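K.L.:
Below is a structure I'd like to ask you about.
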Amino acid sequence: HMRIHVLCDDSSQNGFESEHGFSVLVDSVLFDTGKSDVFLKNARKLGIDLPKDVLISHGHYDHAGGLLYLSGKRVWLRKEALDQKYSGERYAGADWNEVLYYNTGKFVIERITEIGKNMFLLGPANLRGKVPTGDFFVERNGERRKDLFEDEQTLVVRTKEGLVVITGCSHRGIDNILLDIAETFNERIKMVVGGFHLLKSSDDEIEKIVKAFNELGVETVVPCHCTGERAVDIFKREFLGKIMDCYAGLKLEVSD
Ligand SMILES: [Zn+2]
């Protein structure tokens with residue numbers, strides 16, 4: 001069997017700490033690392049040793065921040081995760097100078113990158129005419145542009161039961177993300193876990209997304225982090241499959 005552990009999230013079960021950020025241990029690879037050391041403290045609570053490989057979904061502080069608490073990891077990030085991210089006038093980037101001092105960067109350039117057996121990183125999703133919601137900017141060279149999240153990447157784990165998809169915030173659209181996966185893998189999408197960033201999306205926008213989950217035959221959804229209570233309620237009432245509650249304690253077990 002293959003195990004998954006939420007090590008950081010906005011919610012938590014008794015005993016586990018929580019912050020605004022996301023981190024989930026997926027078998028032999030760590031997906032994101034929260035804002036601070038909450039992921040580590042939760043991991044110690046479970047008596048887990050973290051693996052060599054840490055994957056970064058995008059270069060926001062709440063996803064890349066706990067890297068400040070690791071050394072010697074192999075950090076899989078997109079080159080464009082290095083650009084300094086703003087959210088409004090608020091700096092929201094990560095300290096890559098420090099992170100890459102203590103750790104080792106593995107830069108992801110391809111659309112599809114194989115990590116280990118049956119594990120893949122998929123690059124920035126095709127926006128299909130949509131553009132990220134929110135007030136996000138990015139600065140390359142002191143040049144302030146709008147942020148399209150060219151740094152965003154998504155983990156796909158190929159299971160005998162179908163695909164397991166792990167996403168950090170889905171700025172490019174969780175629907176775009178799934179469709180990109182759908183065009184690449186002949187396999188069915190079994191489970192999707194992570195943040196979908198639906199707090200600033202309209203109920204219509206969210207229903208269209210749930211519709212895509214249904215259309216693609218997704219069986220189980222575990223919405224974390226950015227997703228939002230409203231959006232989850234819509235998932236619970238319109239998604240044809242099972243929705244699970246996400247929290248820092250959470251452990252999921254799934255077939256190889
Ligand atoms: Zn983000």
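Identifiers in the structure tokens: chain A, B, ... in order shown; residue index from 1 per chain; ligand index from 1 in order shown.
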List every residue of segment 95-207 of chain A that DSSP, applied to the backbone of this structure, places in helix (DSSP H, G or I), and write the result as an mmCIF file with N, CA, C and O atoms, in the first residue's frame.

P.N.:
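See selection_38.cif below for the written result:
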```cif
data_model
loop_
_atom_site.group_PDB
_atom_site.id
_atom_site.type_symbol
_atom_site.label_atom_id
_atom_site.label_comp_id
_atom_site.auth_asym_id
_atom_site.auth_seq_id
_atom_site.Cartn_x
_atom_site.Cartn_y
_atom_site.Cartn_z
ATOM 1 N N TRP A 96 14.796 32.089 -1.850
ATOM 2 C CA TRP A 96 15.525 31.057 -2.584
ATOM 3 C C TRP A 96 17.023 31.148 -2.377
ATOM 4 O O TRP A 96 17.721 30.150 -2.528
ATOM 5 N N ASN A 97 17.520 32.337 -2.042
ATOM 6 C CA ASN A 97 18.953 32.503 -1.831
ATOM 7 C C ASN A 97 19.390 31.643 -0.675
ATOM 8 O O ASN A 97 20.442 31.014 -0.714
ATOM 9 N N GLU A 98 18.562 31.625 0.358
ATOM 10 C CA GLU A 98 18.844 30.855 1.546
ATOM 11 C C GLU A 98 18.536 29.388 1.315
ATOM 12 O O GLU A 98 19.297 28.507 1.698
ATOM 13 N N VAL A 99 17.407 29.133 0.682
ATOM 14 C CA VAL A 99 16.948 27.772 0.454
ATOM 15 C C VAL A 99 17.942 26.979 -0.376
ATOM 16 O O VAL A 99 18.196 25.818 -0.110
ATOM 17 N N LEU A 100 18.506 27.620 -1.385
ATOM 18 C CA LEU A 100 19.413 26.953 -2.310
ATOM 19 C C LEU A 100 20.864 26.931 -1.795
ATOM 20 O O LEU A 100 21.733 26.256 -2.360
ATOM 21 N N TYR A 101 21.103 27.665 -0.713
ATOM 22 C CA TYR A 101 22.344 27.593 0.031
ATOM 23 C C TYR A 101 22.428 26.268 0.770
ATOM 24 O O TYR A 101 23.406 25.539 0.637
ATOM 25 N N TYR A 102 21.384 25.968 1.539
ATOM 26 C CA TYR A 102 21.327 24.792 2.408
ATOM 27 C C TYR A 102 20.846 23.532 1.711
ATOM 28 O O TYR A 102 21.063 22.410 2.189
ATOM 29 N N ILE A 174 -7.997 24.347 -11.283
ATOM 30 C CA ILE A 174 -7.916 22.925 -10.963
ATOM 31 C C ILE A 174 -8.512 22.117 -12.095
ATOM 32 O O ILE A 174 -8.056 21.013 -12.388
ATOM 33 N N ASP A 175 -9.513 22.689 -12.752
ATOM 34 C CA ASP A 175 -10.065 22.110 -13.976
ATOM 35 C C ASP A 175 -9.061 22.055 -15.134
ATOM 36 O O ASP A 175 -8.950 21.037 -15.813
ATOM 37 N N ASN A 176 -8.333 23.143 -15.365
ATOM 38 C CA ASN A 176 -7.282 23.148 -16.388
ATOM 39 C C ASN A 176 -6.223 22.123 -16.076
ATOM 40 O O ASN A 176 -5.675 21.465 -16.960
ATOM 41 N N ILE A 177 -5.951 21.987 -14.791
ATOM 42 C CA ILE A 177 -4.940 21.072 -14.320
ATOM 43 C C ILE A 177 -5.357 19.652 -14.632
ATOM 44 O O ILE A 177 -4.559 18.862 -15.114
ATOM 45 N N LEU A 178 -6.622 19.333 -14.390
ATOM 46 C CA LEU A 178 -7.105 17.964 -14.596
ATOM 47 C C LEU A 178 -7.203 17.612 -16.069
ATOM 48 O O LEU A 178 -6.874 16.509 -16.469
ATOM 49 N N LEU A 179 -7.659 18.564 -16.869
ATOM 50 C CA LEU A 179 -7.737 18.398 -18.306
ATOM 51 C C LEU A 179 -6.348 18.212 -18.893
ATOM 52 O O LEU A 179 -6.153 17.402 -19.793
ATOM 53 N N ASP A 180 -5.371 18.960 -18.397
ATOM 54 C CA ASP A 180 -4.008 18.762 -18.872
ATOM 55 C C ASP A 180 -3.568 17.330 -18.589
ATOM 56 O O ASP A 180 -2.952 16.684 -19.427
ATOM 57 N N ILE A 181 -3.904 16.837 -17.402
ATOM 58 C CA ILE A 181 -3.596 15.467 -17.006
ATOM 59 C C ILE A 181 -4.326 14.460 -17.898
ATOM 60 O O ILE A 181 -3.726 13.551 -18.447
ATOM 61 N N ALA A 182 -5.626 14.661 -18.051
ATOM 62 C CA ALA A 182 -6.469 13.899 -18.966
ATOM 63 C C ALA A 182 -5.945 13.753 -20.412
ATOM 64 O O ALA A 182 -6.190 12.731 -21.073
ATOM 65 N N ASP A 203 -19.803 31.279 -7.512
ATOM 66 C CA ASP A 203 -20.476 29.993 -7.379
ATOM 67 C C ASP A 203 -20.613 29.330 -8.740
ATOM 68 O O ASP A 203 -20.447 28.126 -8.860
ATOM 69 N N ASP A 204 -20.904 30.125 -9.766
ATOM 70 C CA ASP A 204 -20.944 29.620 -11.135
ATOM 71 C C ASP A 204 -19.593 29.041 -11.512
ATOM 72 O O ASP A 204 -19.505 27.927 -12.026
ATOM 73 N N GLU A 205 -18.538 29.809 -11.259
ATOM 74 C CA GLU A 205 -17.189 29.365 -11.574
ATOM 75 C C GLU A 205 -16.911 28.024 -10.910
ATOM 76 O O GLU A 205 -16.422 27.105 -11.545
ATOM 77 N N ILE A 206 -17.252 27.906 -9.638
ATOM 78 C CA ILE A 206 -17.059 26.658 -8.906
ATOM 79 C C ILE A 206 -17.881 25.462 -9.403
ATOM 80 O O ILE A 206 -17.414 24.326 -9.381
ATOM 81 N N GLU A 207 -19.106 25.706 -9.842
ATOM 82 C CA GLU A 207 -19.945 24.619 -10.343
ATOM 83 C C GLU A 207 -19.395 24.055 -11.646
ATOM 84 O O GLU A 207 -19.379 22.849 -11.854
#
```

K.L.:
Residues within 10 Å of ligand 1 (only C-alpha atoms and all ligand atoms), as a list in words?

P.N.:
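Within the 10 Å cut-off, the matching residues are residues 21, 22, 57, 58, 59, 60, 61, 62, 63, 64, 85, 87, 92, 93, 136, 149, 152, 168, 169, 170, 171, 195, 196, 197, 225 and 226 of chain A.
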
K.L.:
Could you give me, as a list in words, the residues within 7 Å of segment 250-253 of chain A, counting only C-alpha atoms and dropping anything in the same chain fewer than 2 positions from it?

P.N.:
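With the cut-off at 7 Å, the set is residues 1, 2, 3, 4, 5, 6, 246, 247 and 248 of chain A.
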
K.L.:
Work out how far apart atom CA of residue 123 of chain A and atom CA of residue 29 of chain A are and give it in Å to one decimal.

P.N.:
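About the pair atom CA of residue 123 of chain A and atom CA of residue 29 of chain A: they are 17.3 Å apart.
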
K.L.:
I'd like to know which of A:215, A:161, A:32, A:151 is closest to residue 191 of chain A, using only C-alpha atoms.

P.N.:
A:161

K.L.:
Restricting the calculation to only C-alpha atoms, which member of A:67, A:25, A:231, A:138 is positioned closest to residue 43 of chain A?

P.N.:
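Comparing A:67, A:25, A:231, A:138 against residue 43 of chain A, the winner is A:25.
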
K.L.:
Using only C-alpha atoms, which protein or nucleic acid residues come within 9 Å of residue 76 of chain A? Drop anything in the same chain fewer than 5 positions from it, and give the result as an NGL selection string.

P.N.:
:A and (53-57 or 104-108)

K.L.:
Got a sec: who's within 9 Å of residue 172 of chain A, counting only C-alpha atoms, leaving out chain neighbours fewer than 6 positions off, as an mmCIF file with N, CA and C atoms, in the first residue's frame?

P.N.:
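selection.cif, written as the output of this step:
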```
data_model
loop_
_atom_site.group_PDB
_atom_site.id
_atom_site.type_symbol
_atom_site.label_atom_id
_atom_site.label_comp_id
_atom_site.auth_asym_id
_atom_site.auth_seq_id
_atom_site.Cartn_x
_atom_site.Cartn_y
_atom_site.Cartn_z
ATOM 1 N N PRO A 124 2.999 24.058 -15.744
ATOM 2 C CA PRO A 124 1.891 25.005 -15.670
ATOM 3 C C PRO A 124 0.753 24.556 -16.580
ATOM 4 N N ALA A 125 -0.454 24.473 -16.029
ATOM 5 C CA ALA A 125 -1.626 24.053 -16.792
ATOM 6 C C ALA A 125 -2.001 25.068 -17.850
ATOM 7 N N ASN A 126 -2.540 24.569 -18.949
ATOM 8 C CA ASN A 126 -3.084 25.398 -20.000
ATOM 9 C C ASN A 126 -4.305 26.132 -19.469
ATOM 10 N N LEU A 127 -4.287 27.457 -19.550
ATOM 11 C CA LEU A 127 -5.372 28.267 -18.993
ATOM 12 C C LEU A 127 -6.689 28.235 -19.778
ATOM 13 N N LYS A 130 -8.888 31.169 -19.491
ATOM 14 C CA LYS A 130 -9.034 31.673 -18.121
ATOM 15 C C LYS A 130 -7.737 32.300 -17.636
ATOM 16 N N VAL A 131 -7.830 33.145 -16.619
ATOM 17 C CA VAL A 131 -6.656 33.763 -16.019
ATOM 18 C C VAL A 131 -6.806 33.705 -14.506
ATOM 19 N N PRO A 132 -5.685 33.569 -13.783
ATOM 20 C CA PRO A 132 -5.740 33.314 -12.339
ATOM 21 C C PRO A 132 -6.577 34.361 -11.616
ATOM 22 N N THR A 133 -7.353 33.956 -10.608
ATOM 23 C CA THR A 133 -8.150 34.911 -9.838
ATOM 24 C C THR A 133 -7.256 35.506 -8.770
ATOM 25 N N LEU A 148 1.116 34.868 -13.864
ATOM 26 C CA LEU A 148 0.323 33.798 -14.476
ATOM 27 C C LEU A 148 0.716 32.416 -13.949
ATOM 28 N N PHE A 149 1.679 32.406 -13.042
ATOM 29 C CA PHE A 149 2.096 31.191 -12.368
ATOM 30 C C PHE A 149 2.730 30.178 -13.301
ATOM 31 N N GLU A 150 3.663 30.671 -14.104
ATOM 32 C CA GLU A 150 4.444 29.828 -14.988
ATOM 33 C C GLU A 150 5.288 28.851 -14.175
ATOM 34 N N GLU A 152 3.951 27.033 -11.569
ATOM 35 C CA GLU A 152 3.061 26.051 -10.952
ATOM 36 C C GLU A 152 3.206 24.661 -11.533
#
```
